[PDB]
Structures are given as structure tokens and as C-alpha cells.
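Scroll down for the structure; my scribbles are underneath it.
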Amino acid sequence: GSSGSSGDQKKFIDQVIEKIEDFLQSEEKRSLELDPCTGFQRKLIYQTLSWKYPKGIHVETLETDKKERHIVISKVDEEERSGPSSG
């Protein structure tokens, strides 16, 4: 099928994007913190950002006490990055 769920995660992901955009806009901002996904959604985020933002930001999953495992983004640069691992 791929329509209901897709369109469902589309609104969710989109909502996230906004957060990203804003975060990207801000200068001081160095790392953004997203909400802790349950599982599927989490994969979605990463999936989207996979193409939505392959090079430029760094997505990481940090886990705390109350914050628990939550998605976190960071400011990345092209230059900094060496390039492809394989080579």
C-alpha cells in the first residue's frame, strides 16, 4: 500500500523538519535535540535526514535519565568531513 502510514509519517517528519530548519537558521545553536522516538518513527527521522540532510548535520542518539534515548542533531561541515570511508 504505502499511503496511510507514509502520509502519516510525512506530517510527523515534516513537523520535525521545521525544528531542524529553525535550528539551522540560528547561529549560536550548535546541536539540536529532538523528541525520543518509540522505534519506527526514530528510523523515519534518520531515514529522512538520510537524504534530507546527508552532509551538513550529525544525527546522534543520546540517552540520559529522564531524557532517555533521544535523537540529537549537531552542526557539521563539508570541509571538516574527510569524505567517503571506503575510498
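Taking each DSSP H run with n ≥ 4 as -39500 (n - 2.57) and averaging over every residue of the chain yields -13500 deg cm²/dmol at 222 nm.
If we count other beta carbons within 10 Å of each Cβ, what is the order of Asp35, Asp65, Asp22, fewest first? Write down the numbers at each step before the final one.
Working: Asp35 14, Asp65 5, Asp22 11.
Neighbour counts put them in this order, fewest first: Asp65, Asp22, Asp35.
Neighbours of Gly56, meaning other residues whose beta-carbon lies under 13 angstrom from its beta-carbon, give a summed charge of -1 when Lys and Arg score +1 and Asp and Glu score -1. Dipole of the chain computed with +1 at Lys/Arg Cβ and -1 at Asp/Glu Cβ about the Cα centre; of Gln9, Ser31, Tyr53, farthest Cα towards the positive end is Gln9. Here the extension length gained between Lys67 and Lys55 equals 1.7 nm, from 0.36 nm per residue of separation less the Cα-Cα distance. Relative to the longest principal axis of the Cα atoms of the chain, the long axis of helix 40-52 lies at roughly 50 degrees. Distance between Cα centroids, region 26-48 to region 49-87: provide it in whole Å. Their Cα centres are 9 Å away from one another.
Within region 7-55, the GluC sites (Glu not before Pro) that combine a DSSP coil assignment with at most 11 other C-beta atoms in a 10 angstrom radius are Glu27, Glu28.
Per-residue Karplus couplings for region 71-83, computed as 6.51 cos²θ - 1.76 cosθ + 1.60 with θ equal to phi - 60°, are listed in order as 5, 9, 10, 9, 7, 10, 9, 6, 3, 2, 3, 5, x Hz, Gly and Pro entered as x. Computed from Cα atoms, the angle from the helix 4-25 axis to the main principal axis of the chain rounds to 30 degrees. Of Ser5, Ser85, the sequence from fewest to most neighbouring Cβ atoms within 10 angstrom is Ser85, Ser5.
For the chain, modelled as a GNM whose springs connect Cα atoms under 10 angstrom apart, the maximal fluctuation among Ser74, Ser26, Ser50 occurs at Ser26. Cβ-to-Cβ counts within 10 Å put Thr38, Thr61, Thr48 in ascending order as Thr38, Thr61, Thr48, the fewest first.
All Cβ positions, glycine included, derive from the backbone under ideal geometry; neighbour counts span all protein chains shown. Values in this text are rule-based calculations from the coordinates and carry no lab data.
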